[PDB]
Amino acid sequence: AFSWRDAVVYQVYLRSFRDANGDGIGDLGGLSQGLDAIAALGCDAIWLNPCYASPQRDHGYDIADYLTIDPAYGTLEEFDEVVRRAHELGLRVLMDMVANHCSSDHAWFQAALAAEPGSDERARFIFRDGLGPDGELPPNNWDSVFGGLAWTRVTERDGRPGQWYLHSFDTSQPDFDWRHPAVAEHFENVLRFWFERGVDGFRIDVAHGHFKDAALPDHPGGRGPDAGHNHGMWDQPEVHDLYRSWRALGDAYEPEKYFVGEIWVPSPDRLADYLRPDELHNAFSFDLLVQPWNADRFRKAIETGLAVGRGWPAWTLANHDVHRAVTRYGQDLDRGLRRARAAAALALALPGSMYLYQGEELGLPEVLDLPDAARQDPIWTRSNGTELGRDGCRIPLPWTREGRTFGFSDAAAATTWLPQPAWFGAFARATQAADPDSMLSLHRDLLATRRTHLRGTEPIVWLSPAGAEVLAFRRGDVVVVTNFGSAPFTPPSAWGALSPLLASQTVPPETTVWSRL
Amino acid sequence: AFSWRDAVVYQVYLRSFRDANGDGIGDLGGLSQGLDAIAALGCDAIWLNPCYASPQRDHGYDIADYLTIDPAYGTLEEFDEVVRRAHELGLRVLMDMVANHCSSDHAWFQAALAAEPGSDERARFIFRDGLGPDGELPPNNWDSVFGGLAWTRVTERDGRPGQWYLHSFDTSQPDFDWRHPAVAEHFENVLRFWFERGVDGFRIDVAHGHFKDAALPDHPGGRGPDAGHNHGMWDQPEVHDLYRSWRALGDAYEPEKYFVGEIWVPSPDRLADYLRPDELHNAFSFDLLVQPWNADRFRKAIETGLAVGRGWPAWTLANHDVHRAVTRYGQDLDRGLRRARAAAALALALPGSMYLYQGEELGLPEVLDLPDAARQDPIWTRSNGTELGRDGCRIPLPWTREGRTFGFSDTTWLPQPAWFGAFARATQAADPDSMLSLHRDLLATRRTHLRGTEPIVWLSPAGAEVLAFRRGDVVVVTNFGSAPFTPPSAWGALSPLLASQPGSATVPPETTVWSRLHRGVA
Ligand SMILES: C[C@H]1O[C@H](O[C@H]2[C@H](O)[C@@H](O)[C@@H](O[C@H]3[C@H](O)[C@@H](O)[C@@H](O)O[C@@H]3CO)O[C@@H]2CO)[C@H](O)[C@@H](O)[C@@H]1N[C@H]1C=C(CO)[C@@H](O)[C@H](O)[C@H]1O
Ligand SMILES: C[C@H]1O[C@H](O[C@H]2[C@H](O)[C@@H](O)[C@@H](O[C@H]3[C@H](O)[C@@H](O)[C@@H](O)O[C@@H]3CO)O[C@@H]2CO)[C@H](O)[C@@H](O)[C@@H]1N[C@H]1C=C(CO)[C@@H](O)[C@H](O)[C@H]1O
């Protein structure tokens, strides 16, 4: 019996999952072809990255129409077949809600640009006069998350430069004014539209966004990484009224809809407010995702996640915004794989839910050596090449050792929207499926054993002392040990007699073992 | 008795005709279910687009094995039953010969890739070292017909980028070296294999292909559509020795086998050499197909076709590579339908044979609005999304008004528009004024009154937008213009047989009328 509390969710980055028509862009027809593989892995749900009409300047997170599928991804009819088939395989379906900003191509923003200062069209966004004698300075000192000014100046009807608009991310992603009532009205309709098609819930992009301080005050810390968190730009009290309204909307359905927030705030007190019983069901536990390979750092991040997350956090070790775990833990392919295997086996034993990013079950490394001309992330161009960006974790997946695109399609290599390295076939899904010791087989074994032997009602009971290189805990009749160090480890007899259930490779170095007690 | 001279051939694009097993792909069981309808319409033969084993990167024209049926379409024994049933209905069967190139999945090409430079395996294809200091430039400046370079570089077994191979069409369609003796031997066997199963003849794909100039010279005209005809890439003298060989094989059967070439050459004089008595029986009269709706242009194309075809050319107004007639002539449904009805009625009165592309008898338009994710034609990707391609004339046919796929199945490999149900065959069959009923009436009347060898006799001039001729006692007038046309008394008293529009002597605008002389009236 399905429970969001314990769900294992497969994150589908549709552009790079599977390409059914051979134009190099992953699509809904390709996801249909691969749903069997996701269900056979043992997942409970899928989360689709944004597949709405988008000019792709931020690869789907710049949305030009929230009620339509992008034609490069398919049709509404193909979408409905994805949902029907996913449901038939026992999978729930989460879509991505991107309501902090839209594409500059969106009809509302085209209207704002064509209207005059102070118009209702501009009042749905954040337009301000510039500073300086000719308005040539930005209205405040905020940085775009992607680098540069968070403001872009527009041209007015008489052809002169005029007001600026705010964009927390790319220049082509203007931020909504969430104090304008039409904004909330539009997005309640977006929720109801997709829920009517059987979508089971939403992952909320930039859940710490939407509302800014009404004064848009300068960040007193300056610009750049050492300025610290910009308290006026994020995480405002009004956002909890928003999430109370969305939760009430989703709770009208049977079963109730599900919301998981993408929240990046420094304070655990601020994070916990998003998780009150009448707001969001969960939020990603990012503390663990950002830790290096270190027993003390892992345990502290786990303790932090359990204490705010009311006992059942949404764990994740990778997503479409960060380097793949094999690369993060390699500091070396052999070392990164061993640690990624142990980390996957540890996180899938934690109480709560787990989000698996496509390709992590294959142990793919990050592709850091892309040619300059191949990169497409706005971070790459906005930083003048000083920040690589995220393309290395978005490479089209290998499905078979054979084929010019390794089974991502039947097409030529030059079609794929990002290039696959010639060695990607070494990580092919079909190869790993035939190998019981593969990363794919480890994930299959983990999900089967987790379902058989663990219950979400069993909390962690720590067995190891704080500070040790060996992390150990009990849940119910299962004992989990992760040896982060270089020395083998014999569990002490006081923990009880142990019978092994699985292992990511005595507890050998850099290995996770599940045992029955 | 049947004659190839005036056969009406139904072109079956199998993937989009009818789906009998519910996977969204047309198949042989679906064709079997529709043979009765083709014969009832009034056709004398079918031509099947390629249905051999193929990965479908060019939807059957990239063949992986020439002695097979693709498993998605059925088995060899199901094909045999289709041929028997077609023959039992009086239909002859043409298959598609695709001998300029094969799929890169073909065993010979897999063997070529696995072998070394200079091997016999590569000698059956056209592998060359690249130009430039590191071989990074293609061996010459030729274009693929679908867009981009006509060459693809391979990786050699030591991992270095190495030789390039030539492909006139997609990268996955390597061209044979027709100077290698094993190629001719292979295709003589292909002919005998299918002829032994009762196939009556072949439509020859890229009949201006096969042989290239042996030096593979750069095209001095450059690249792209303004470069002009690439004389070194096509239409070489050795291709006529090839067709003399195939015709000599076909002439030993009783009745002799039939060859119709798909020939695209810049000059109609160049077409004639392919039609000499020891070569191909016919070639599509593409000059008429490319003309806009205009009386002068149509007449000149018909005169040219009759001359090249020795009086009995193979007419066609559409196929699986061009926009459907309703769209070409409308380019606007009502005007396109009116003109397509008038054009079908004119073309079916010309001396010779006629090829009807499936769906043109329903008056289907081109489906130009497909989403990017639905496009499958290699032209789409190879043009970087700048050329639409051919998928819009390959949409699965509507059979019934009802049903999620309009009776094509019971998702389709290409999506049908919501409005396709308006064109359903069963709806048109019950409507005497439908495009389908017009084709049925045209074919019945053609068989009764245009069954002889009477040539065209052009009638006297009467204005710029009128085309008119007589064959024996049958008079045909097509009014291309916007005004009604009253024929002159000098042509004689005319009794109407049929018209492309539903009681006067005047020919209404954009209409073709067939009439008879000497009926004792007025
Ligand atoms: C794209 C993303 O930007 C913001 O989030 C954070 C970045 O994802 C991280 O790079 C973060 O840095 C931490 C590292 O991840 C971690 O490994 C460690 O080194 O600590 C770092 C601390 O500097 O920095 C950003 C904030 O701290 C933003 O909050 C988040 O919402 C964004 N993700 C979504 C937003 C957009 C715009 O629609 C999309 O482009 C993304 O794909 C979404 O997933
Ligand atoms: C697919 C087809 O390509 C070749 O023929 C095409 C010409 O190369 C094009 O230029 C175009 O001709 C047009 C003229 O440019 C224009 O001035 C006007 O006269 O209209 C013409 C027709 O629209 O279109 C031609 C037809 O598409 C090639 O010569 C021909 O053999 C090709 N057809 C077969 C070949 C293959 C490859 O095996 C298949 O993909 C096709 O389905 C076959 O039918």
Side-chain angles (χ1 to χ4, degrees), chain A residues 11 13 49-50 57-63 96-103 144-146 167-170 173 175 203-209 225 228-230 233-235 261-266 284 286-287 289-292 318-323 328 377-379 387 389-390 393-394, chain B residues 11 13 49-50 57-63 96-103 143-146 167-170 173 175 203-209 225 229-230 233-235 261-266 284 286-287 289-292 318-323 328 377-379 387 389-390 393-394:
Chain A
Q11 176 187 348
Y13 194 81
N49 286 102
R57 306 193 179 104
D58 188 23
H59 300 89
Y61 284 95
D62 53 319
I63 297 171
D96 211 313
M97 165 66 63
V98 195
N100 180 75
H101 47 270
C102 63
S103 170
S144 166
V145 176
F146 294 160
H167 48 90
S168 302
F169 296 87
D170 188 61
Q173 292 165 298
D175 279 36
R203 175 268 193 187
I204 297 166
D205 190 55
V206 195
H208 56 287
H229 183 65
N230 184 342
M233 191 166 178
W234 312 109
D235 186 30
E262 192 226 9
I263 308 172
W264 294 90
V265 294
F284 300 112
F286 284 135
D287 294 68
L289 182 143
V290 306
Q291 297 311 311
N319 59 37
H320 61 300
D321 289 334
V322 301
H323 289 183
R328 298 203 320 271
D377 187 340
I379 289 175
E387 310 284 320
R390 303 162 286 179
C393 76
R394 304 177 173 183
Chain B
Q11 180 193 338
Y13 194 87
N49 289 101
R57 300 184 180 104
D58 191 21
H59 300 90
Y61 287 96
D62 53 319
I63 293 162
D96 213 311
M97 166 74 68
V98 192
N100 180 75
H101 47 269
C102 63
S103 172
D143 288 334
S144 167
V145 172
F146 292 159
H167 47 95
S168 291
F169 294 90
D170 187 55
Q173 292 167 295
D175 283 34
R203 177 269 192 185
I204 300 170
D205 191 57
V206 196
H208 56 285
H229 183 68
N230 186 343
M233 182 162 183
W234 314 107
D235 188 37
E262 183 223 20
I263 309 170
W264 295 91
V265 281
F284 301 111
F286 285 135
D287 267 18
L289 182 150
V290 302
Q291 296 314 312
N319 59 36
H320 62 300
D321 291 335
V322 298
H323 290 181
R328 297 204 318 276
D377 188 339
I379 289 170
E387 277 289 308
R390 300 159 291 170
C393 76
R394 306 172 174 187

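Order of appearance sets the numbers: ligands from 1, and atoms from 1 within every ligand. Every chain is numbered from 1 and lettered A, B, ... according to where its sequence line falls, protein lines coming before strand lines. What you see below is based on every heavy atom in this structure, not just the backbone, and it leaves out hydrogens, waters and symmetry mates.
Partners of A/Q291 according to the side chain to side chain contact (heavy atoms under 4.5 Å, CB included) rule, which considers only residues two or more places apart in sequence or in another chain, are A/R297, A/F298, A/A301. Applying the salt bridge (charged side-chain N to carboxylate O under 4.0 Å, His left out) test to B/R203 and every residue at least two apart in sequence or in another chain returns B/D96, B/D205, B/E262.
Contact analysis puts B/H208 in contact with ligand 2, with a non-hydrogen atom separation below 4.0 angstrom. Ligand 1 lies within reach of A/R390, whose nearest heavy atom is under 4.0 Å from it. Heavy-atom separations between A/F146 and ligand 1 include at least one value shorter than 4.0 Å.
Under 4.0 Å from ligand 1, the heavy atoms of A/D205 that appear belong solely to its side chain. Contact annotation for B/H59 and ligand 2: no heavy atom of the residue comes within less than 4.0 Å of the ligand.
When only non-hydrogen protein atoms are considered, atom 26 (C) of ligand 2 lies nearest to B/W264 CZ2, 3.6 Å. With respect to atom 27 (O) of ligand 2, the closest heavy atom belonging to the protein is B/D321 CB, 3.7 Å.
Contact annotation: the side chain of A/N319 never approaches that of A/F284 to less than 4.5 Å [non-hydrogen atoms, C-beta and beyond]. Side-chain contact between A/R328 and A/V322 is present, with heavy atoms from C-beta onward closer than 4.5 Å.
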Does B/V206 form a side chain to side chain contact (heavy atoms under 4.5 Å, CB included) with B/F169? I'd like the steps, not just the answer. CA-CA 11 Å; B/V206 196; B/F169 294 90; 3.7 Å; yes
Assess whether side chain to side chain contact (heavy atoms under 4.5 Å, CB included) is satisfied between A/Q11 and A/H320, documenting all intermediate values. CA-CA 9 Å; A/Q11 176 187 348; A/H320 61 300; 2.9 Å; yes
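Within the 4.0 angstrom cut-off, atom 21 (C) of ligand 1 has no protein heavy-atom neighbours. Less than 4.0 angstrom separates atom 3 (O) of ligand 2 from at least one non-hydrogen atom of the protein. For atom 40 (O) of ligand 1, the nearest protein heavy atom is under 4.0 Å away. For atom 29 (O) of ligand 1, the protein comes within 4.0 Å by at least one heavy atom. Under the 4.0 Å distance rule, the nearest protein heavy atom to atom 6 (C) of ligand 2 falls outside the cut-off. Inside a 4.0 Å radius of atom 9 (C) of ligand 2 there is not any protein heavy atom. For atom 37 (C) of ligand 1, the nearest protein heavy atom lies under 4.0 Å away. Put simply, atom 34 (C) of ligand 1 has protein non-hydrogen atoms near it, under 4.0 Å away. Distance check on atom 44 (O) of ligand 1: some protein heavy atom falls below the 4.0 Å cut-off. Checking atom 13 (C) of ligand 1 against the protein gives no heavy-atom contact under 4.0 Å. Protein heavy atoms are absent from the space less than 4.0 angstrom from atom 24 (O) of ligand 1.
Of all the atoms in ligand 1, the ones that sit under 4.0 Å from a non-hydrogen atom of A/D58 are 37 (C), 38 (O), 39 (C), 40 (O). Heavy-atom contacts of A/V145 reach the following atoms of ligand 1: 3 (O), 4 (C) (cutoff under 4.0 Å).
The aromatic rings of A/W264 and A/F286 sit parallel, their planes meeting at an angle under 30°, below the 60° perpendicular limit.
Between atom NE2 of residue A/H59 and atom CZ of residue A/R394 there is a gap of 7.0 Å, rounded to the nearest 0.5 Å. Note that CG of A/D170 is 8.0 Å distant from CZ of A/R57, once rounded to the nearest 0.5 Å.
The residue among B/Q173, B/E262, B/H101, B/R203 with a heavy atom at the shortest distance from atom 31 (O) of ligand 2 is B/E262.
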